[PDB]
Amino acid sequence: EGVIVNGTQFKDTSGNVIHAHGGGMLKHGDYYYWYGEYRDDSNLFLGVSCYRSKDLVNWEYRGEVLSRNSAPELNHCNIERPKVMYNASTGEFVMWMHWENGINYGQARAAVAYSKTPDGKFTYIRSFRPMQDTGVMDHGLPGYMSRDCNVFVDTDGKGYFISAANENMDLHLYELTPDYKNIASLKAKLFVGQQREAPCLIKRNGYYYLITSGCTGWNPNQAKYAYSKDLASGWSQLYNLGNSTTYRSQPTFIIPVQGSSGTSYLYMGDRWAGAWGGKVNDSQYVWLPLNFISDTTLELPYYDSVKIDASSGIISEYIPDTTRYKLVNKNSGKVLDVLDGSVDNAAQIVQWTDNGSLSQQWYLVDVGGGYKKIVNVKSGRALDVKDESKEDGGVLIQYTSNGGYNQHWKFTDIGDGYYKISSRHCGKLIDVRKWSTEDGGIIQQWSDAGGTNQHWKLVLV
C-alpha cells in the first residue's frame, strides 16, 4: 500500500509531520535517505533532519544530522537546500548547502559537512564563497555568489556542485576535488542572464538534464529543463516542464529509483507555505514521476496520488476507482479508441469497432466538482483537448496529466444510459467529426447540437 498524497505534509512512522523542506535524497546500500531543513521559531536554521526508508512511503526519523549546535556559525543563520553525495574512494558522505547570516542575504556562500555514516552526526567544516583565492570580485565580496544549490555525481565518480551566482542571474557548475569537500574548478557558466534557480542536475543515457524553476520567491512558477551530451558545453534551450506553476511547487531534487523492472526517475519539490503567508515549517511536499518520452523530450505529469513500488522500480499514477469503461457512440455504434492504439504522447483519439482492446478501455478519476478525468488503460494518459482549444472542430488527443481544465469532463445524463460529455474549458461536447460511422473516425470537440454523434453510453467491462 505505497500511495502518496501530494499537496500535503507527509508523516513519518512515528506519526509526526516530516520536516525536510528543500531537501534531497541519497540511495546507499538498501536504504533511501531523505535530508532536508526546517526553521524553528525565529525563522532561522534549526537543524537538517534525516529520514530513512525502503518503500519510499513510510519514513523513519533518525534525528538531526546537522544542528545549530554543530558550529558557532550555525547558532544564528539561514540554511537552505542541503544536499548529500557519496564518495566511493573515501567511503564518507559529503554534504553541501546554502548559508546566510540570518540577518540578510549579502553572504551568498555555500557550506560543507561530512560523516562516516549517513544517519550519523555530520561535522561542519566551513562556509565560503567559491573561488575566493582567484581574487575575483562578485558584487563587492570575495568569491562568486552561491545561493540555490545542488549536487551531482557523474558515472566517472567525479563530484559536481551547482549553484546560482551573479545575483541568481547565472548558474555555476563547479567541479569538486576527489574528496568532494572542495572546489577544484569552475566547469561551466550555464544559462547566463536567464536567471534560473533551484537547479537539479541528473543524467540518464549519456545525456545530462538540468531542471530549473525560474525565480519568483515563494510563488510557484514555470519550471523548465535542458539537456546536453557534455557538462562543459552543448547545452540545449530551456524547454518548458509542467504547467505555469509547476503544479504549485518548486523543484528540489530528482533521484533515479532503480528496481527489478527498470528505473523510474522521481521528482520532488516544495509547496512553500510562504505562498499563502505561512511559516516554512507549514510547507507541503509534491512528489511526481519524471517520464522520458525520448532522450530529448521530458514529461512531468501531475497525479493527485502517486503509487510507488521501490522494489520493482515503478512510479505511476494511483487510480482510486479501478473500474474499467468503454465509451460507445449512439450514432456510429463504435467505441472510443486511440489511433493505432498508440502510447505516444499527444496521440489522436478516434472511434473504432468494439474489439475488446486495451486502447478502448478507460478509467474515470474524480477531480472535484461534477467533472472527472478520462484516463486510458494501455498508455495511462488523459483525454485532452489539444492546445486548450475553445473552438469547434477542436481535435481530441491523449496527453500527459497536467490538471488542466481541458482534461476535465462532466457527464450529463440524457436517458437510456447515454450521456453528453462536455469539457470544463468551454463546455463543448465530445463529437465524432462529420458524423463518421467508419473506423478511424476523428474524435473532436463541438458545440452541443443535439446530434446523436454527440451522445455516448458508458459500458462496464
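Rigid core (definition): largest C-alpha set, two forms, superposition within 1.5 Å. The first residue of the sequence shown is number 1, and the count goes up from there.
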Subject >> Rigid core superposition result in 4 other deposited structures of this protein, more deviant of 33 to 41, 392 to 400 by Cα >> reply: 392 to 400
Original post:
Which of the two stretches, 320 to 328 or 256 to 264, moves more in 4 other deposited structures of this protein when the core is held fixed, judged by C-alpha RMS distance?
Top reply: 320 to 328
Original post:
Of the two stretches 46 to 54 and 424 to 432, which shows the higher Cα B-factor on average in the entry?
Top reply: 46 to 54
Original post:
Can you tell me which stretch has the higher mean Cα B-factor, 233 to 241 or 381 to 389?
Top reply: 233 to 241
Original post:
Per the entry, which of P301, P220, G368, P82 tops the list for Cα B factor?
Top reply: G368
Subject >> Residue, from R204, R271, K373, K330, that the PDB entry assigns the highest Cα B-factor >> reply: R204
Subject >> CA B-factor placement of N345, once the chain's modelled residues are sorted into thirds >> reply: lowest
Original post:
Should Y38 be placed in the lowest, middle or highest third of its chain by the C-alpha B factor in the entry?
Top reply: highest
**OP:** Ordered by C-alpha B-factor within the chain, which third holds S70? Give me lowest, middle or highest, please.
**Re:** highest
Subject >> Where the record places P199 (Cα B-factor, split into thirds across the chain) >> reply: lowest
Original post:
With respect to C-alpha B-factor, does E167 fall in the lowest, middle or highest third of the chain as deposited?
Top reply: middle
